[PDB]
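Note: hydrogens, waters and symmetry copies are ignored here, and every other heavy atom, side chains too, is used. By convention here, the first residue in the shown sequence is residue 1. Whatever order the structure lists ligands and atoms in, that order sets their numbers, starting from 1.
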Amino acid sequence: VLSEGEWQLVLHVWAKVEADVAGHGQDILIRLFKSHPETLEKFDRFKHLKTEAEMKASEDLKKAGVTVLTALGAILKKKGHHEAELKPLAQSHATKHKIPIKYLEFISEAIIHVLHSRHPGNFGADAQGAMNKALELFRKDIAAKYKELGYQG
Ligand code: HEM
């Protein structure tokens with residue numbers, strides 16, 4: 001369970017992401033795909049992309065970036081009271097998309113990497129610790145829901 005102080009560090013760096021969610025989502029997905037190429041296979045619409053240039057030019061990858069960060073943003077803003085937001089998400093990612101928790105760990109890593117690079121103003125060690133806490137919470141609660149749904153994760 002995060003403190004209010006920890007939530008405010010999360011939400012301060014989020015506020016910067018929101019200046020340009022599409023740009024941040026491009027960087028974050030590209031980092032994910034570069035770091036764990038196996039994750040790209042889950043995206044039938046753009047899993048053929050071969051290079052970072054291709055990725056940066058893909059309108060479909062850009063939309064996905066906006067989707068993930070907007071959904072995550074809405075979750076973070078709930079400050080742990082995210083049961084409603086996680087229901088649909090766990091169901092789709094468990095049952096349709098088939099995303100293991102380890103891939104949720106991979107995108108969490110990419111999120112932290114990009115924020116650390118982009119936002120040294122709002123992503124010092126304390127803020128990064130708070131964001132890691134929030135993302136662990138997210139992954140813990142998703143994992144519990146996956147189990148409920150019958151998915152090993
Ligand atoms: C912070 C983590 C994540 C959040 C908040 C998130 C949220 C979403 C949302 C809102 C959608 C669209 C609605 C839906 O289908 O449920 C979506 C679709 C999808 N997500 Fe995620 N997601 C996350 C992580 C992942 C990861 C790590 C992968 C794969 C490695 C993944 C694969 C997909 C796929 C394949 C789709 C369908 C996209 C499409 O067909 O257009 N997601 N995700």
Exercise. So, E83 and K78, do they make that salt bridge, N to O below 4.0 Å?
Worked result: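 A salt bridge is absent here (no side-chain N lies under 4.0 Å from a carboxylate O).
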Problem set entry | Ionic contact status for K145 with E85, cut-off 4.0 Å |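 Looking at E85 and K145, the cut-off is not met.
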Problem set entry | Euclidean distance, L29 CG relative to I107 CD1, rounded to 0.5 Å |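 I107 CD1 to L29 CG: 5.5 Å, rounded to 0.5 Å.
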For this session: Look only at the side chain of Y146 and the backbone of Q91, and say whether a donor-acceptor pair between them is shorter than 3.5 Å.
Result: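 Not confirmed, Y146 side chain does not pair with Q91 backbone.
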Exercise. Under a strict 4.0 Å criterion on non-hydrogen atoms, which protein residues are in contact with ligand 1?
Worked result: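 Shell around ligand 1 (4.0 Å, heavy atoms): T39, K42, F43, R45, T67, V68, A71, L72, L89, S92, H93, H97, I99, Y103, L104, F138.
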Exercise. Considering residues at least two apart in sequence or located in another chain, which fulfil the ring pair (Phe, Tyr, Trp, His ring centres under 6.0 Å) criterion with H82?
Worked result: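 For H82 there are no ring pair (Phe, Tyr, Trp, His ring centres under 6.0 Å) partners, ignoring immediate neighbours.
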Exercise. Does the cation-pi check pass for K47 over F33, that is, NZ or CZ under 6.0 Å from the six-membered ring centre and within 45° of its axis?
Worked result: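 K47 over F33 ring: no.
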